[PDB]
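Presented below is the structure to which this report refers.
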Amino acid sequence: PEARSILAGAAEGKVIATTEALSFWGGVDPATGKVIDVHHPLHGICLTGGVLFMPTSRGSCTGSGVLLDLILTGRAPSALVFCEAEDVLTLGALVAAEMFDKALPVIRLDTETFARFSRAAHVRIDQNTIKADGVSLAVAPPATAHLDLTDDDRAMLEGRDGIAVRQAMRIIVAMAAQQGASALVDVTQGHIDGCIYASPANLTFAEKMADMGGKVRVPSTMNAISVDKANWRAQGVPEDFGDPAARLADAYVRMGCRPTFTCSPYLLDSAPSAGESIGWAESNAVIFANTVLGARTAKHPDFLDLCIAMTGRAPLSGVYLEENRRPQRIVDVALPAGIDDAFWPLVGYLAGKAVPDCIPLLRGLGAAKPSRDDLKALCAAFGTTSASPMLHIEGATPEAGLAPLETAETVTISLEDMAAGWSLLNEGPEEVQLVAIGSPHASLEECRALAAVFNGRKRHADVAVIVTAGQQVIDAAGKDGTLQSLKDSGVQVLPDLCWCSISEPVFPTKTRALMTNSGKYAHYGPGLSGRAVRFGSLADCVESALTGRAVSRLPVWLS
Ligand code: FES
Ligand SMILES: [Mg+2]
């Protein structure tokens, strides 16, 4: 039995335990502390005050900001107990201790002690021990940093570059220490994700660092934000929400981040190349960068993305190291006849459920020749159910020939798994009032494909059709006529916002049920919006847009 202090602190409370990872953004409501992931075993449970046992986290990089907000409002669990490596929630609690004078203890157990303690009714944590129903286990103190540092690293840490840079380096070194890294690594560019207005604390952190003098040292793009930056006032977004959401975006721009406002930064001209070491947040962008581009970045939590951008340095750990990019589990995926575009997000979603805490190699799919957009949708869905920052697809992705670990296990995704996942993501009626496309932000080709399915037909008056995309794609779609073709059918194309960040009234208030082709939004949509969510192919979406009805049925390749 082994217990390891990750972040110090004292806590006591009832045990809240699960064997399935949870994403605090999208899966936990900062207003209540309740689990809102409708597909998680803990759905509906309030986490406030509990000692939360889960193997690790999954999903969104924004969990750090949601946990920070919960800590600040007193709605957070009293402690976190994992049994695997974890970064997102650990970083949120680390920022709480470093910058907000609040300690949330985080402990990692061995898997067997984890399972035993998860049966307990009550757990007490202090600096030296964890006790489950009185049964006490000694807790090893936080790991001591054994990092190789450059002279400029030490200069930043000593404060010779100011207090903001020192604070960033302090956080980077503490994260490297808990990961057991022995060095840092240069990054050529950053991508900031905490600009989504997921909680008041997201704004508080950004303005705190900006007022501290923080500024990025490497070129750094920005993920989606929670306002249509140029239009939210005219759209009728309430001032109480739009003003802090806009100020959150403004704070990162003031700190030198480029206002790309997109969750598909790999589509920008600034996209990194194969082998390039970058420092990115946003789970789908991280996974796409490693998986499809062959670039290298850990799945950095929100807030850590800014520290890495401020210093140009990240912990040399995880998939920055070649050994850690080798496939850790093999997945044979059934390839039925007659697949369409919906196959790829479904497979990514199921691949994450099958392999939630290590890097999988997906076999059996190379002959199907997935598009860049197919890989994009797959990676985004994989992020929702997994913690890993990358995956491999035999015959499709550039590093898929890396030798798997000699002890890799092999699992399957069967047709039966696919039918079950399809029905899980389709718990809603047939009548829909909204079609939601573009999580992550739509490519230009995805917009062209959508116009091709529409074939000049016009949406039903009672069905809104909304595509979220980055500004540069919308500009390009305006040039080549795709934007007008979509407008001709009644489709709205929105910049900056994504389905992760959209809000009423831009999200139409009349909506009761929506259909999406995003595996990611199919998962998060129910809890985020309170609406019933349907999941289908691009053409399933267009058919619903023209008729107002999404037929409830398994796809052709599953019947
Ligand atoms: S911001 Fe979440 S995928 Fe777009
Ligand atoms: Mg996710």
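Atoms considered below: every heavy atom in the structure, side chains included; atoms not considered: hydrogens, waters and symmetry mates. Throughout, residue positions are numbered sequentially from 1 according to the sequence presented.
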Discussion item. If we ignore hydrogens and angles and just use 3.5 Å, is the side chain of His300 paired with the main-chain N or O of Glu282 as donor and acceptor?
Written reply: no

Worksheet item: Strictly by modelled atom types, are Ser182 and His146 linked by a side-chain donor-acceptor pair under 3.5 Å?
Response: yes

Response to the item:
Sequence neighbours excluded, the answer for side-chain contact (heavy atoms from CB on, under 4.5 Å) partners of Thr150 is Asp152, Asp153, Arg313

Discussion item. Can a donor-acceptor pair be found, under 3.5 Å and without considering hydrogens, that links the side chain of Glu86 to the backbone of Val88?
Written reply: yes

Discussion item. Aromatic contact between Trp25 and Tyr524, with the criterion being ring centroids under 6.0 Å apart: yes or no?
Written reply: yes

Fill in: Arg372/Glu445 under salt bridge (charged side-chain N to carboxylate O under 4.0 Å, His left out): CA gap, chis, key distance, verdict
CA-CA 9 Å; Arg372 192 274 324 275; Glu445 180 52 46; over 6 Å; no

Worksheet entry | Donor-acceptor under 3.5 Å (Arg217 side chain, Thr311 main chain) | yes

Discussion item. Check the orientation of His39 and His523. Use parallel for under 30°, tilted for 30 to 60°, and perpendicular for over 60°.
Written reply: tilted

Worksheet, complete the sentence: Quick note, salt bridge (charged side-chain N to carboxylate O under 4.0 Å, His left out) partners involving residues 240-259, not counting sequence neighbours, are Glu207-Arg247, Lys229-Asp250, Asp243-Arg247

Worksheet item: How are the rings of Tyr197 and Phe241 set to each other: parallel, tilted or perpendicular (split at 30° and 60°)?
Response: perpendicular

Discussion item. Other residues, nucleotides and ligands only: do more than 12 of their heavy atoms fall within 6.0 Å of CZ on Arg154?
Written reply: yes

Discussion item. Donor-acceptor pair, distance only, cut-off 3.5 Å: does the side chain of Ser5 make one with the backbone of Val139?
Written reply: no

Discussion item. Do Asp305 and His191 pair up side chain to side chain, a donor and an acceptor below 3.5 Å, judged on atom types alone?
Written reply: no

Fill in: Test item: side-chain donor near acceptor, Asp357 and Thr56, under 3.5 Å
no

Discussion item. Looking only at side-chain N and O atoms, does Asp87 offer a donor or acceptor that is under 3.5 Å from a partner on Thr90?
Written reply: no

Practice prompt. To the nearest 0.5 Å, tell me how far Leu304 CG sits from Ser64 OG.
Written response: 8.5 Å

Response to the item:
Per side-chain hydrogen bond (donor to acceptor under 3.5 Å, both in side chains), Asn290 is matched among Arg296, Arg325, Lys299 by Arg325

Item to complete: Identify which one of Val51, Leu42, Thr48 satisfies the side-chain contact (heavy atoms from CB on, under 4.5 Å) criterion when paired with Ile16.
Response: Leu42

Fill in: Short side-chain donor-acceptor distance under 3.5 Å, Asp193 and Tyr252
no

Discussion item. What verdict does the side chain to side chain donor-acceptor pair (under 3.5 Å) test give for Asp186 and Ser277, after you've listed the backbone C-alpha separation in whole Å, the side-chain angles of each residue and the deciding distance to 0.1 Å?
Written reply: CA-CA 7 Å; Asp186 292 345; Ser277 170; over 6 Å; no

Fill in: Over 12 foreign heavy atoms within 6.0 Å of CZ, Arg326
yes

